[PDB]
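Enquirer: I'd like to ask you about the structure that follows.
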Amino acid sequence: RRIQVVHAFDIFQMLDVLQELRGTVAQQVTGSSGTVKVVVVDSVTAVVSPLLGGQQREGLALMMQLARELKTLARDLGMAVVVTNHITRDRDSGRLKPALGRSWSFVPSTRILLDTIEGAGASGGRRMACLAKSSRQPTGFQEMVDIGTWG
DNA sequence: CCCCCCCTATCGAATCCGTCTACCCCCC
């Protein structure tokens with residue numbers, strides 16, 4: 001009962017939900033309990049992916065505004081925000097890189113690139129976890145995480 | 001001028017290599 005879930009399938013719905021959260025927590029400054037401390041977005045790419053494409057510019061502005069409001073929320077109100085994303089071209093010219101282009105790369109503070117192992121030991125919960133960007137510690141370290149036997 | 005993003009199977013070819021023997025009949 002302490003885990004609250006809301007469905008948003010368009011960027012306007014997500015913006016409205018986050019603005020409502022900001023307003024409610026601003027009104028709840030007096031209170032000391034019941035205020036959410038962790039905010040999780042299941043997929044920020046799926047909502048904004050249809051808005052990209054073409055030679056227009058409103059999609060980039062919308063995603064930048066969403067990033068700015070997320071950053072203001074997390075900084076001002078001391079919340080931990082976690083979002084997900086997808087990968088882009090794996091061809092020879094372009095390495096495995098996060099989606100949403102170059103402009104989104106400056107938004108987050110920490111990047112964790114989940115991956116699957118190949119050959120022996122594949123399948124199951126065996127996934128390789130790496131830290132791409134942290135801006136606080138050396139990067140490029142690979143570890144192992146099991147989910148099938150975890151919880 | 002500048003932005004972000006992907007595809008799909010095909011044909012047929014080319015012969016080699018010999019083993020094993022059995023079984024007697026009839027008087028002036």
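Naming scheme: A, B, ... for chains in displayed order of the structure tokens; residues 1 onward per chain; ligands 1 onward as shown.
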Residues of chain B near chain A: apply a cut-off of 9 Å, count only C-alpha atoms (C1' of nucleotides), and supply the list as a PDB file with C-alpha atoms (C1' of nucleotides), in the first residue's frame.
Expert:
```pdb
ATOM      1  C1'  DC B   3      18.343  17.107 -35.017  1.00  0.00           C
ATOM      2  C1'  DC B   4      17.048  10.508 -34.954  1.00  0.00           C
ATOM      3  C1'  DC B   5      16.345   6.775 -36.680  1.00  0.00           C
TER       4       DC B   5
END
```
Enquirer: Could you pull out the helix (DSSP H, G or I) residues of segment 58-93 of chain A from DSSP and send them as a PyMOL selection string?
Expert: chain A and resi 58-76
Enquirer: Just checking: using only C-alpha atoms, which residue out of A:40, A:113, A:34, A:132 ends up closest to residue 81 of chain A?
Expert: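 With only C-alpha atoms as the atom set, the closest residue is A:40.
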Enquirer: What does the distance between atom CA of residue 129 of chain A and atom CA of residue 67 of chain A come to in Å, to one decimal place?
Expert: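 About the pair atom CA of residue 129 of chain A and atom CA of residue 67 of chain A: they are 24.6 Å apart.
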